[PDB]
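Heavy atoms only: backbone and side chains are in, while hydrogens, waters and symmetry mates are out. To find a chain, count down the sequence lines: A is the first, B the second, and so on, and within it residues start at 1.
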Amino acid sequence: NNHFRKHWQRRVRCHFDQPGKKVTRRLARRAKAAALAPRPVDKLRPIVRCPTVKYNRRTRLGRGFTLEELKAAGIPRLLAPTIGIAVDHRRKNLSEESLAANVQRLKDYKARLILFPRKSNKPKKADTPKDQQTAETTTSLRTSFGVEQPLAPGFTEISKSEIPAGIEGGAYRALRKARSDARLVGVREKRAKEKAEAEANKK
Amino acid sequence: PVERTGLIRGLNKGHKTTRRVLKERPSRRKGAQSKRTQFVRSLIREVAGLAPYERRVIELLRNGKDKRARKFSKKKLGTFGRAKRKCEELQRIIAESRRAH
Amino acid sequence: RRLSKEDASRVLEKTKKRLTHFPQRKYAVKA
Amino acid sequence: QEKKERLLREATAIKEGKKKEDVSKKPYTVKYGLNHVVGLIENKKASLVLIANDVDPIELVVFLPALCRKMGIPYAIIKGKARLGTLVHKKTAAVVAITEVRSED
Amino acid sequence: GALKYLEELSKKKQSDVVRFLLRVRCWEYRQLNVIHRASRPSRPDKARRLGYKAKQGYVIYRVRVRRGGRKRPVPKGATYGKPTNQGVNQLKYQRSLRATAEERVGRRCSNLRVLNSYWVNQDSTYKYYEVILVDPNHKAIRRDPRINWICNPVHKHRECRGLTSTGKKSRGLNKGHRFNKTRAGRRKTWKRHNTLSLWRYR
Amino acid sequence: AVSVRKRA
RNA sequence: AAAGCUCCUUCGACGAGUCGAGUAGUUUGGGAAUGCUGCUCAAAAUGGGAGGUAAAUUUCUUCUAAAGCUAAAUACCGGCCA
RNA sequence: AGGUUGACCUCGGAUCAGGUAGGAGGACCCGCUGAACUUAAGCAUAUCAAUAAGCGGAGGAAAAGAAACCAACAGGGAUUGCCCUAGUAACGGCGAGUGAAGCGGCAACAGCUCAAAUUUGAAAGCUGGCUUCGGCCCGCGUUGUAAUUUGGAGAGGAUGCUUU
C-alpha cells in the first residue's frame with residue numbers, strides 16, 4: 001500500500017516543535033486575555049445542527065447569529081459585534097426551534113452582560129450602573145455558554161399505561177410500504193393521467 | 001410547505017419540524033427586469049440594430065422554416081435553451097414589426 | 001518609501017461615522 | 001469669486017440668525033456634465049439640449065439624439081466642445097442643457 | 001448616466017456602428033506604436049467599472065500583442081528526445097495575452113502599479129488592450145483610502161505574480177469542487193499533499 | 001418619465 | 001449637523017469578445033463527471049452558474065461570476081540574536 | 001486687423017520643479033517554462049513529475065479569503081493549517097502504479113470597498129507654487145473629483161425615542 005516512488009526525503013515534516021508551539025500558543029492566549037480584559041477572550045456562538053443524515057443527531061457551535069435572531073432578541077446588528085456577539089449573514093432560519101434556542105441564548109447573554117460607559121463621568125441609559133458593575137465575571141464564552149446537551153437523552157422512563165399503540169401493520173411493513181410508494185410515485189401518476197385521458201375520450 | 005412524515009425513507013421524509021416562510025432575500029432579485037434597464041435596452045436595440053446571424057434567423061422565421069432556424073440558432077449560440085430564447089425574442093421582434101406595418 | 005502615519009491612518013467618512021457611533025465597547029459577562 | 005462672495009453673505013446671514021434662502025435667490029444656470037444632462041432628459045426636465053459634434057469617443061453621445069427624440073426634447077448638434085466649455089468655464093463640455101430660464105428670457 | 005447606455009452598446013459588438021468604430025480604431029492603433037500612452041480611456045464605462053478614476057495618478061496605456069500559441073526555442077523547431085506525437089505549432093501558453101500585455105506595460109512603466117486591463121479591439125494578427133496604472137508616489141493617490149493599498153510594497157508587480165484579474169483567472173482561484181487542485185495555490189496544495197508528516201508519539 | 005430612484 | 005432602531009403603498013440600477021458551445025494542446029482522481037490556454041461562433045433578464053452518465057420536458061434546491069482590500073492560526077537548508 | 005486674433009484636441013522639447021524603477025538576497029512564497037536517468041521483461045500511453053535545471057516578481061511571512069461554496073440534512077456558512085475522512089470514491093498498456101473532496105474535532109477568527117443614481121439651490125473634491133501660516137495663486141476635473149449606496153441590502157416615506 002505505502003509507496004515512496006517520489007523524492008519523499010525532501011518533504012519530510014517532523015514535529016519536534018510541538019511542545020514549543022504549545023508554549024507559544026499559550027503565551028499568545030495569555031497576551032490576548034490581558035489585552036482583552038475584562039472582556040471574554042472569545043465571542044458568543046449560536047447552537048447549530050450539523051448537516052447530513054449522519055451528523056444531524058448532534059448540535060455544535062456555529063459561526064454567528066442570524067439577522068433574524070438578532071432582531072428577535074432586540075440587539076442591533078451594529079452593536080452586536082461590539083459586545084462580543086458573532087454575526088453571520090449567510091445563515092437562514094428554516095424552522096422556529098433553532099431561532100427560539102438562539103434567541104433565548106442571546107437573551108441570557110444580554111441579561112448576564114455588563115456594559116461599561118464610553119465616558120465614566122457620563123453614563124447613559126443603556127449603560128450598566130457602577131453599583132452593578134462589580135460582579136463575578138467569566139472569561140470563556142465557549143465554556144460558560146457551551147453546547148450543554150449535544151445529543152438527545154438516550155434513556156427515558158414512561159409508565160406502562162403510556163405505551164404507544166404502534167404503526168398499524170408493523171414498522172418493517174411501514175418502511176417497506178414507504179420505499180415502495182417512493183419508487184412508484186411516478187408510474188401511478190402516469191396511470192392516473194392515462195385513465196383520466198381515457199375517461200375524457202370515452203365519457 | 002408540506003409537513004415531513006417523520007420517517008427515514010419515502011416521500012416527504014425527514015425529521016418533523018414546523019417550516020417557516022422567510023422574506024425573500026435581495027440577492028435573489030437578480031434577473032428581474034427594471035423599468036430603466038428595459039428602456040435603455042430598447043433604445044440601444046433600435047440604435048444599434050441587429051447582428052448578421054440575427055438577420056439570417058429573422059429571414060428564416062419570415063420564411064417559416066422554424067426547425068432550420070432553431071438548428072441554425074443552436075449552432076450559432078451554442079446551446080438549445082439560448083437558441084430557443086433567442087428565437088422567441090425574434091418572434092417578438094417580427095410580430096412587433098408586422099403589427100407596426 | 002513607506003506611507004506616512006497620517007496617510008496610513010486616513011479612513012473614509014462612512015468608516016469614521018461607524019467608528020464614532022459604534023466603537024468597540026468595554027464589557028464583561030457575569031458568571 | 002462669485003461663489004465665495006455668496007458664501008460670505010450666507011455666513012453673515014447665518015451669524016445674524018437668518019437662513020441662507022433669505023439672502024440668496026433661486027439660481028438659473030445652464031446644465032452640463034453628461035450624466036447630469038442624460039438624467040435631466042430621462043426625467044423630462046431639460047427644455048433644450050445642445051450636443052457637441054466632435055466628442056471622442058463618439059459612443060458617449062451617439063444615443064443622445066435618439067434619447068431626445070424618444071423623450072420629446074428639442075436637441076441640436078452644435079460645433080465645439082471647447083465652445084461649450086467656454087460657456088461652462090471648462091476646457092471642454094460634451095453636452096449642455098437648459099431646464100428653465102428667467103421670466104424675461 | 002450615460003455609462004449604462006455605453007455598457008449596453010458595448011454588449012452589441014456585431015452592430016454596424018460598433019463594427020465601424022472597431023475597424024477605424026484598429027487601423028489607428030495598428031499605425032500607432034505597439035505600446036503607447038492613451039490620453040484617456042476609449043472605453044470609459046469599462047475603465048470606470050475596473051477602477052479608473054479621473055484623478056491625477058491614473059494612467060492609461062494601450063498595447064497590442066501578437067495572438068495565437070507559442071513555440072519552444074529549440075534548434076530547427078524539433079526536439080531530440082522521446083516522440084511526443086505533436087508539433088511545436090500547437091503548444092498553448094498557460095497565461096493570457098492580456099497578462100502578457102500587462103507585463104509589457106509594467107516593464108515600460110516600472111514606476112507605476114498595474115491595476116487592471118481590458119480588451120478594446122483585435123484583428124488577425126494582434127489583440128489590443130488598455131491597461132490602467134496607478135502612481136504609488138503621487139500624493140493624491142496616497143491620501144485616498146480607496147486606492148492607497150496599492151502603495152504598499154506587497155503590491156509590487158501584481159501582473160508579474162498573477163495578482164491581477166487575468167492572473168486569478170489563469171490560476172483558477174475559485175471556490176468549489178471543480179477547483180480542488182488550484183483554489184489555494186496549485187504547487188502549495190501539491191506540497192501539502194506530498195509532505196510526510198511524522199509526529200513524536202506515532 | 002424614467003427615473004433611476006425615488007428622490008427627495 | 002450627522003447616526004441607529006421600528007413599519008410600509010412604491011421603487012429597488014448589480015461588472016460582455018464575458019459567460020456559454022465546438023475544437024486542439026496540456027493537466028487532473030475527475031481517458032462518461034477536472035482546470036488552464038489558443039482558434040471559431042458568441043448570449044440573456046427571475047436571468048445566469050452549479051447540483052460529478054448523454055439528450056429532451058416539467059419542477060425543485062442553492063448561490064449571484066466576468067471589479068477590489070483585509071490581521072491570526074500556516075511555511076522557512078537565507079540573515080541577525082539566543 | 002478677418003490673409004486677423006484666439007479656444008480646444010493630439011503629439012513633442014527642456015541638465016525645466018518634484019519624484020520613482022533597475023541591482024543584491026532568493027531557505028520559505030506567487031507565477032511561467034520544463035526534462036531525462038529510474039519503474040513498467042525491453043518499450044512510443046504511463047512512472048519519475050505537473051519534480052530538477054532555466055526565467056520573471058514579493059514579504060516577514062507570502063498566498064488565499066468574506067460563496068456565481070458545500071450540500072440534499074432537523075441543513076451548514078470567508079480564508080488558512082493539523083487530525084480524520086482515506087490508501088477511500090475515482091483514474092490506469094501487456095499494469096506497474098496513481099489518488100482527492102464533503103461532513104466531523106481542533107488551532108485561529110474580522111470584516112469590508114467600488115462601478116452601475118442628478119449635489120444640481122450652487123465640484124461641495126484634489127496635486128503643486130508662494131506664504132505674513134490668515135490665506136492667495138497656477139492648474140486637475142463635468143468624457144465626473146467629494147458626500148450617499150453595495151444585495152447582509154438600500155432609495156423614498158411614516159413615526160417617536162436614543163447616539164456623538
Should E:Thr164 and E:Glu102 be marked as a side-chain hydrogen bond (donor to acceptor under 3.5 Å, both in side chains) after you check the CA-CA gap, both sets of side-chain angles, and the distance that decides it? CA-CA 9 Å; E:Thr164 52; E:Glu102 307 185 338; 2.9 Å; yes
Show your reasoning for whether salt bridge (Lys or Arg N to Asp or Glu O under 4.0 Å) applies to E:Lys4 and E:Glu8. CA-CA 6 Å; E:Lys4 185 60 182 167; E:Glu8 307 295 338; 2.8 Å; yes
Quick one, E:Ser170 with E:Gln94, criterion side-chain hydrogen bond (donor to acceptor under 3.5 Å, both in side chains). Give me CA distance, side-chain angles, the key distance, then yes/no. CA-CA 7 Å; E:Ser170 293; E:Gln94 274 317 281; over 6 Å; no
Show, in sequence, the C-alpha distance, side-chain angles and deciding distance for B:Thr5 and B:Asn12, and conclude whether the side-chain hydrogen bond (donor to acceptor under 3.5 Å, both in side chains) test is met. CA-CA 6 Å; B:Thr5 65; B:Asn12 275 124; over 6 Å; no
Take B:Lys23 and A:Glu68 through the test salt bridge (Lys or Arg N to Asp or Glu O under 4.0 Å) and record every step on the way to the result. CA-CA 10 Å; B:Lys23 38 190 174 42; A:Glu68 293 83 3; 2.9 Å; yes
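Note: E:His155 and E:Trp149 have perpendicular aromatic rings, judged against thresholds of 30 and 60 degrees for the angle between ring planes.
Considering only heavy atoms from C-beta on, C:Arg25 comes within 4.5 Å of A:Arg118 through its side chain. Looking at E:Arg200 and A:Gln18, their side chains come closer than 4.5 Å, going by heavy atoms from C-beta outward. A heavy-atom distance below 4.5 Å is not found between the side chains of E:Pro145 and C:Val11. Side chains of B:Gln38 and B:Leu43 form no contact here, defined as non-hydrogen atoms less than 4.5 Å apart. Taking the side chain as every heavy atom from C-beta outward, B:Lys35 and F:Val2 never approach each other to under 4.5 Å. For the pair A:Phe65/A:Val103, no side-chain contact is recorded, criterion being any heavy-atom separation below 4.5 Å from C-beta on. In this structure, B:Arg36 and F:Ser3 have side chains that are not in contact, with every pair of non-hydrogen atoms separated by 4.5 Å or more. Under the 4.5 Å side-chain criterion, counting only non-hydrogen atoms from C-beta, A:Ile83 is in contact with A:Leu79.
The two atoms that bring E:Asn180 and E:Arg183 nearest to each other are OD1-NH1, 2.9 Å, heavy atoms only. Heavy atoms only, all atoms of each residue included: A:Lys43 and A:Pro81 are closest at NZ-O, 4.0 Å. Closest heavy-atom contact between B:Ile44 and E:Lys12: CG2-CG, 4.4 Å.
By the neighbour-count criterion of 12 heavy atoms within 6.0 Å, atom CD of A:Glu168 is sparsely surrounded, having that number or fewer from other residues, nucleotides or ligands. For A:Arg57, the CZ atom sits in a loose shell: 12 or fewer heavy atoms of surrounding residues, nucleotides or ligands are nearer than 6.0 Å. Open room surrounds CZ on A:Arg26; 12 or fewer heavy atoms of other groups in view lie less than 6.0 Å from it. Summarising the local packing, CD of A:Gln132 is surrounded by more than 12 heavy atoms from other residues, nucleotides or ligands at distances under 6.0 Å. Within a 6.0 Å radius of CD in B:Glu3, no more than 12 heavy atoms belonging to other residues, nucleotides or ligands are found. Remark: B:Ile8 CD1 is loosely packed, at most 12 non-hydrogen atoms of other residues, nucleotides or ligands lying under 6.0 Å away.
Using modelled atom types and a 3.5 Å distance limit, the side chains of A:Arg13 and E:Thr195 yield no donor-acceptor pair. Counting only N and O atoms by type, the side chains of A:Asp88 and A:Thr66 include no donor and acceptor under 3.5 Å apart. Under the 3.5 Å distance criterion, with hydrogens and angles disregarded, a donor-acceptor pair is assigned to the side chains of E:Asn116 and E:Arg98.
One finds the NZ atom of B:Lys71 at 16.0 Å from the NZ atom of B:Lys65 (value rounded to the nearest 0.5 Å). Between the CD atom of B:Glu89 and the OG atom of B:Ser73 there is a distance of 10.5 Å, given to the nearest 0.5 Å.
Using a distance-only test at 3.5 Å, with no hydrogens or angles considered, a donor-acceptor pair links the side chain of A:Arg11 to the main chain of A:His7. A donor-acceptor contact shorter than 3.5 Å is absent between the side chain of A:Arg39 and the backbone of A:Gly84. Judged by distance alone, with hydrogens and angles left aside, the side-chain atoms of A:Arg112 form no donor-acceptor pair with the main-chain N or O of A:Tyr109 at under 3.5 Å. Using modelled atom types, no side-chain atom of A:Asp42 and backbone atom of A:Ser140 make a donor-acceptor pair closer than 3.5 Å. Put simply, the side chain of A:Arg105 gets close to the backbone of A:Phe145: a donor and an acceptor are under 3.5 Å apart. Proximity of a side-chain donor or acceptor of B:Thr37 to a complementary backbone N or O of B:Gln33 within less than 3.5 Å is not detected. A donor-acceptor contact shorter than 3.5 Å links the side chain of A:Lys92 to the backbone of A:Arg90. The closest donor-acceptor contact from the side chain of A:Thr128 to the backbone of A:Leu115 lies under 3.5 Å. B:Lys30 places no side-chain N or O within 3.5 Å of a backbone atom of B:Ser27 that could act as its donor or acceptor partner. Although no hydrogens or angles enter the test, the distance criterion places a donor-acceptor pair under 3.5 Å between the side chain of A:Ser180 and the main chain of A:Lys177.
Under a 4.0 Å N-O distance rule, the pair A:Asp181/A:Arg188 qualifies as a salt bridge. Contact check on B:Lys86 versus B:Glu54 returns a salt bridge, with a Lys/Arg side-chain nitrogen under 4.0 Å from an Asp/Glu carboxylate oxygen. Taking 4.0 Å as the cut-off between side-chain N and carboxylate O, A:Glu96 and B:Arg20 do not count as a salt-bridged pair. For A:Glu189 and A:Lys193, the salt-bridge test passes: some basic side-chain N is under 4.0 Å from an acidic carboxylate O. Between E:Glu7 and E:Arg49, at least one side-chain N (NZ, or NE/NH1/NH2) sits under 4.0 Å from a carboxylate O, which counts as a salt bridge. Ion pairing of C:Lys26 with A:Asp127 is absent here, as no side-chain N (NZ or NE/NH1/NH2) approaches a carboxylate O to less than 4.0 Å. Salt bridge B:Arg92/B:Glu88: absent, no basic N to carboxylate O contact under 4.0 Å. Between B:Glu24 and B:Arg29, none of the side-chain N atoms (NZ, or NE/NH1/NH2) sits under 4.0 Å from a carboxylate O, so this pair counts as no salt bridge. With respect to the salt-bridge test (charged N to carboxylate O, under 4.0 angstrom), the residues A:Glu69 and A:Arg91 qualify.
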